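A short worksheet on the structure shown next.
Protein chains: 2
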Amino acid sequence: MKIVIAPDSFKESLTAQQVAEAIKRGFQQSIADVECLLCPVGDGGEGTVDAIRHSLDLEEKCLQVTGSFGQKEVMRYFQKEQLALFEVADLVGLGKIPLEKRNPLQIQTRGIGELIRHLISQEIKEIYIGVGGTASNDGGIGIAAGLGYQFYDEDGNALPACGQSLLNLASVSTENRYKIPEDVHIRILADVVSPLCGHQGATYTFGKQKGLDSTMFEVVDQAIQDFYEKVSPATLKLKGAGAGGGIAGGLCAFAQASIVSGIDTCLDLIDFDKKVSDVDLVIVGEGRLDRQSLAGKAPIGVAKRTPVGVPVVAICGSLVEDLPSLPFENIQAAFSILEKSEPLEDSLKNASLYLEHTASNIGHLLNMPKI
Amino acid sequence: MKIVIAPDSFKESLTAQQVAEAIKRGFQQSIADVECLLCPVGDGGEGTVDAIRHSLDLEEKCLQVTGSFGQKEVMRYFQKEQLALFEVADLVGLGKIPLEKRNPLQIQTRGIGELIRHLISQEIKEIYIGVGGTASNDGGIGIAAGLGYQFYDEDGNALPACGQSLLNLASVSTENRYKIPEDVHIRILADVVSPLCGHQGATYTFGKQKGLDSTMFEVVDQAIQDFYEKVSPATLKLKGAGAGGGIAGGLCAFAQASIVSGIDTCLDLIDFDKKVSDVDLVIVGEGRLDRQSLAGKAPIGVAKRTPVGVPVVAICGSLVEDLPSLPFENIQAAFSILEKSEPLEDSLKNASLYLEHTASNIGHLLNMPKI
Numbered sequence: 001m002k003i004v005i006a007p008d009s010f011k012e013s014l015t016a017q018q019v020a021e022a023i024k025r026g027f028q029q030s031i032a033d034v035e036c037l038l039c040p041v042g043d044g045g046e047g048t049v050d051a052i053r054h055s056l057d058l059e060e061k062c063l064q065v066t067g068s069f070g071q072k073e074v075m076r077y078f079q080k081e082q083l084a085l086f087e088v089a090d091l092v093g094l095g096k097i098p099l100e101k102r103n104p105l106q107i108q109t110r111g112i113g114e115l116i117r118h119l120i121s122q123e124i125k126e127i128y129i130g131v132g133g134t135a136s137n138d139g140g141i142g143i144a145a146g147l148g149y150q151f152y153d154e155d156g157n158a159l160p161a162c163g164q165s166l167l168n169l170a171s172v173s174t175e176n177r178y179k180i181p182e183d184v185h186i187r188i189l190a191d192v193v194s195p196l197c198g199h200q201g202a203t204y205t206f207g208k209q210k211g212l213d214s215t216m217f218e219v220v221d222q223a224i225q226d227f228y229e230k231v232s233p234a235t236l237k238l239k240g241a242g243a244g245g246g247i248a249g250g251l252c253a254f255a256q257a258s259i260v261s262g263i264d265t266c267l268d269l270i271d272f273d274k275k276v277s278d279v280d281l282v283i284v285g286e287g288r289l290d291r292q293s294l295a296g297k298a299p300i301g302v303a304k305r306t307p308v309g310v311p312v313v314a315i316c317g318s319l320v321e322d323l324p325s326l327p328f329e330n331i332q333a334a335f336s337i338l339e340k341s342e343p344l345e346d347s348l349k350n351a352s353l354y355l356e357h358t359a360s361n362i363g364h365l366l367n368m369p370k371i
Numbered sequence: 001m002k003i004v005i006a007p008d009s010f011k012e013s014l015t016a017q018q019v020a021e022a023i024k025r026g027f028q029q030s031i032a033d034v035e036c037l038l039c040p041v042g043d044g045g046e047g048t049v050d051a052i053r054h055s056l057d058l059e060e061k062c063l064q065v066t067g068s069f070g071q072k073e074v075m076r077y078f079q080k081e082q083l084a085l086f087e088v089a090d091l092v093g094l095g096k097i098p099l100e101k102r103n104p105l106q107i108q109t110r111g112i113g114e115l116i117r118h119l120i121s122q123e124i125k126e127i128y129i130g131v132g133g134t135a136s137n138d139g140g141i142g143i144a145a146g147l148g149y150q151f152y153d154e155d156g157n158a159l160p161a162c163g164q165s166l167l168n169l170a171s172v173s174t175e176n177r178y179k180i181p182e183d184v185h186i187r188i189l190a191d192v193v194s195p196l197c198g199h200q201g202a203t204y205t206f207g208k209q210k211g212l213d214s215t216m217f218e219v220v221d222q223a224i225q226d227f228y229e230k231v232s233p234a235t236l237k238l239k240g241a242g243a244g245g246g247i248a249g250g251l252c253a254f255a256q257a258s259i260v261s262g263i264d265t266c267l268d269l270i271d272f273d274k275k276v277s278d279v280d281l282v283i284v285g286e287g288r289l290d291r292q293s294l295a296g297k298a299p300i301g302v303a304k305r306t307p308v309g310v311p312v313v314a315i316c317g318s319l320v321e322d323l324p325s326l327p328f329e330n331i332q333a334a335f336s337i338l339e340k341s342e343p344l345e346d347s348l349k350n351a352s353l354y355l356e357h358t359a360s361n362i363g364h365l366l367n368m369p370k371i
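Those protein sequences? They're chains B and A, same order as listed.
Residues 1 to 371, numbered by the deposited numbering, are exactly what the first sequence covers, in order.
Residues 1 to 371, numbered by the deposited numbering, are exactly what the second sequence covers, in order.
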């Protein structure tokens, strides 16, 4: 019996790789003679790159680039031939910026632009960018500045490249703008269709979680709009241009990048379609399983690509009550790993162990005879 | 496919019968040809008699007895063939007395004695009594005062019958002591091993859980110990005698009652053995499957009685961390119905929907062809 374990990561608890391994123990502990293929995935959220890295041989490289606060910092990315990959969070990620230094309007992102230029010079044709888990809200101006663009206010001053400056933006020079070769494809793995500006835009949707008082929302969101009205108004219509506090947009208007399905892309990169060829069972999952995760998130993404006749089972951190009755399509069952009423932070902490227990219990049920 | 659903009750949530019906539903929607036999069980806790009545025909009878505050109350008991069962909770039960009048030392339990005498006068030889979920803490004097014993204070006045009088108890007259026929057997179904006194006795273990304040712990506990030292010293050694604020002790001391395994006794009454003689799956479970009291729990008891070769799946409200590795004591799998992190109060209310979903998910895993 071959089981393909393709879980997403558990937000604030475990990487997809850790989830997959915990599930594998449970099954090895309960089903004799069983092949468990680990195939951790991602839907575009932070960690999605590390997941792909487990199914695709890549080489880790580093590059000294401008950090989130000016000083030179080393950024990472992964290559394989003319293919490269990297997470924008590896530079300006929230998970590496202590709260004492959290002003989404002070953070710099140009370093991302620099990374791209070096990749092109290195003869790289396919650049997959992960966005998300970011702590910045600069509508993307950093990517612009990082690609040539220069800004000025009501006075011909340099104007520091940061979100805060978008407030005092007037003059804009698009002279020495870096040109991306037409044979180079940049793709942003998206996990959300949030637009640049608006109530559902980047500033209103993710501004609070990353140190921005609601008062500045209505103002900053406005400055971001004017900025694009001048340089690239067509970007204001792009679906997921809001991801990364506007970084996704900056990448579309200045790096000619396009935003694609985070999960579908990930699945193609790791050869999921081949890995599930002639398989008995497929395990799916994520931290919270809701109506949306069954709409276009990792879980359903994996299920949709599973051969006909192959049962799919979900093992999640938790299930919301607004879930459709199962089986849902090919998803035959869905389990929550929670074991007892306890604080949330204790569940997240024992998730690995809980995951194993659930895999074992499920295993035992499968080992059960038939009468 | 024959299934026997033998769950215990889910304290402060559902009766064993309700739990079983919810589980049944889940299986009737996930398994094509399911034959579900509901067999609710109890281990002595409040609700046990009710579970028994679903598998054993008993005529419901009433009796005008002395209530918990003096006035006349109508207690209930159930008789079959020379046999009778009743729960002490039906008179002094916690789930039958609001906190407005909640004063554990002011509650009178002589009504239980009254009922027992009536049972004997009805020529009943087998009496099974459940002691659980009580609201009183009188060490059991109420049982004695209900069986003939009389008490007097420091100067010689007839002291009222309640925990409080234990504090002014000066002397006890054993004259009008009611004599229990030698052909009468009063057995107590207890789910606790708590002794009468001490730091793990009736007062200290369950006194505050409802009523008594911590400041009066020593006074009441010592006052109770003095009472037995004067009338029934050995009873102070009986395990479980602490059940029901001491009522289990009183019964043993003044009614020549014995303390038996609640769950095991219950399985015999409902005729569980034959019910599962040729079945394929037995479902068990309770509100909280814990280790500190693992051995003794209703679930494991029901399990160890399931025939050889018959898989047992436990479905519980929650599971403690110290649970042994599966399988253990016939239990092949142990699920928690929990779906998400939420206050215990919400899980208790949704308990019914959760059980249905968990049984549903289990059935689907059972319908999957084996390899």
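Note that the Cβ used here is the ideal one computed from N, Cα and C, for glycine as well.
Bridge-paired residues (DSSP) for residue i
i                 : result
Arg-288 (chain A) : A:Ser-318
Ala-190 (chain A) : A:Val-131, A:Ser-261
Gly-93 (chain B)  : B:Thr-134
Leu-63 (chain B)  : B:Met-75
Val-172 (chain A) : A:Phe-151
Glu-87 (chain B)  : B:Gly-130
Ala-334 (chain B) : B:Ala-314
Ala-158 (chain A) : A:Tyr-152
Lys-179 (chain A) : According to DSSP, which records beta bridges pairwise, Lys-179 (chain A) is partnered with nothing at all.
For residue i, the three-state DSSP class (helix, strand or coil)
i                 : result
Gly-198 (chain A) : coil
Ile-107 (chain B) : coil
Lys-274 (chain A) : helix
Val-310 (chain B) : coil
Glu-35 (chain B)  : strand
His-54 (chain A)  : coil
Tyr-152 (chain B) : strand
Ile-3 (chain B)   : strand
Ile-362 (chain B) : helix
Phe-328 (chain A) : strand
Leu-353 (chain B) : helix
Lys-24 (chain B)  : helix
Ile-124 (chain A) : coil
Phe-10 (chain B)  : strand
Separation of residue j from residue i, as counted between CA atoms
i                 : j                 : result
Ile-247 (chain A) : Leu-37 (chain A)  : 35 Å
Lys-340 (chain A) : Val-19 (chain A)  : 19 Å
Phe-254 (chain B) : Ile-143 (chain B) : 7 Å
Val-34 (chain B)  : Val-284 (chain B) : 18 Å
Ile-120 (chain B) : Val-184 (chain B) : 8 Å
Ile-31 (chain B)  : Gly-363 (chain B) : 6 Å
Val-49 (chain A)  : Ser-55 (chain A)  : 10 Å
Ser-165 (chain A) : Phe-151 (chain A) : 9 Å
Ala-158 (chain B) : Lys-96 (chain B)  : 28 Å
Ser-68 (chain B)  : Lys-297 (chain A) : 58 Å
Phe-217 (chain A) : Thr-203 (chain A) : 6 Å
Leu-238 (chain A) : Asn-350 (chain B) : 40 Å
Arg-177 (chain A) : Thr-358 (chain A) : 54 Å
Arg-102 (chain A) : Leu-289 (chain A) : 29 Å
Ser-318 (chain B) : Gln-292 (chain B) : 14 Å
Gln-200 (chain B) : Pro-104 (chain B) : 18 Å
Beta-carbon proximity of residue i to residue j, cut-off 8 Å
i                     : j                 : result
residue 375 (chain B) : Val-88 (chain B)  : As shown, chain B starts at 1 and ends at 371. That puts residue 375 (chain B) outside it, with no answer to give.
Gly-207 (chain B)     : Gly-132 (chain B) : no
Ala-334 (chain A)     : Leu-323 (chain A) : yes
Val-282 (chain B)     : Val-312 (chain B) : yes
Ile-259 (chain B)     : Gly-245 (chain B) : no
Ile-315 (chain B)     : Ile-331 (chain B) : no
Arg-53 (chain A)      : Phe-78 (chain A)  : yes
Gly-111 (chain A)     : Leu-147 (chain A) : no
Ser-360 (chain A)     : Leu-326 (chain B) : yes
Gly-262 (chain B)     : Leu-189 (chain B) : yes
Near-chain B residues of the region 329-356 of chain A - C-beta to any C-beta below 7 Å: Within the region 329-356 of chain A, the qualifying residues are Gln-332, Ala-333, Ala-334, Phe-335, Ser-336, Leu-338, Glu-339, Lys-340, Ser-341, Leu-344, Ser-347.
Taking a Cβ distance cut-off of 8 Å, strictly less, list which residues of the region 302-316 of chain B are near chain A, in chain order. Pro-311, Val-313
Which residues of the region 40-56 of chain B have a Cβ closer than 7 Å to any Cβ of chain A? Give them in chain order. none
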